[PDB]
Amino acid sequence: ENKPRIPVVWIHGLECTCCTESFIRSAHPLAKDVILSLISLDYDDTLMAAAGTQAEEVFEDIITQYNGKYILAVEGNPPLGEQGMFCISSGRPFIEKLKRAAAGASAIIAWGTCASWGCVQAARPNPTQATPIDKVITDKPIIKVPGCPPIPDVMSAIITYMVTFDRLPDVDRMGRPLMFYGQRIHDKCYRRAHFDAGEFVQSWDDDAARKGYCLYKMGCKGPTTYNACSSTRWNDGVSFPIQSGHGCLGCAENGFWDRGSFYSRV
């Protein structure tokens, strides 16, 4: 029996593509297997063969035929400045494409800090008036998957959960999946022994740094940041920011760019 897969439409606003790139790093399931076997990735400007009018035809055909049945994945965000024309798709403001795609979606995944909160383009002074998706689309379920970008295997785990269990992840008060965003970095950080002992890196490459001491005094934002980096880790479990000697920037949290210097203590 050839059995259909859930339709997924992935659109891009203002963004750097870190979230797409993170997705394709998935170790398990491989992104290849996600696309071939788990979902039907029916629109994606980064990967699709069709361009221009051919891509417009794909977009129209899928959202029409599968109206009410597709998941909309959004990377990046819409700018409100210059009548929306800081991000132009098919000659018109990206926001129009966002709204059209959202209207037919059963649910929306806001990938990354961009779609969730605003990310770097929304940092002071927000020249384009970049705005997160939930301030524009207000009548749809939106699952926020923040981080700059989110962890690859968290992205693929969320997708597999939604397909396998046929439901949206349970979320916190801000719409983040509890499974990966319920605890802080600092609640699962392997340098906590050092924190609790007052054993800190004081300058880069000092003796403390060479023993893996706590990065609090170097500005680590782990104490205020919810994500899975200290437990699931990155890139098939190889590392995470703190393990490789840099404090957490706070990249999964709303407004992290403007919450002081990265090297100022929490």
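Just count from 1 along the sequence shown to find any residue number.
Comparing 148 to 156 with 97 to 105, the stretch with the higher mean C-alpha B-factor in the PDB entry is 97 to 105. With 161 to 169 and 124 to 132 compared on mean CA B-factor from the PDB entry, the stretch scoring higher is 161 to 169. Note on the listed residues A110, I185, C119, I137: the highest Cα temperature factor in the record is that of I137.
Between the residues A115, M174, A73, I88, it is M174 that shows the highest Cα B-factor in the PDB record. Among all modelled residues in its chain, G250 ranks in the middle third by Cα B-factor. Ranked by Cα temperature factor within the chain, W257 sits in the middle third according to the deposited record.
In this PDB entry, the Cα temperature factor of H28 sits in the bottom third of its chain's modelled residues, the lowest group.
In this PDB entry, the Cα temperature factor of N67 sits in the top third of its chain's modelled residues, the highest group. Ranked by C-alpha B-factor against the other modelled residues of its chain, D42 falls in the lowest third.
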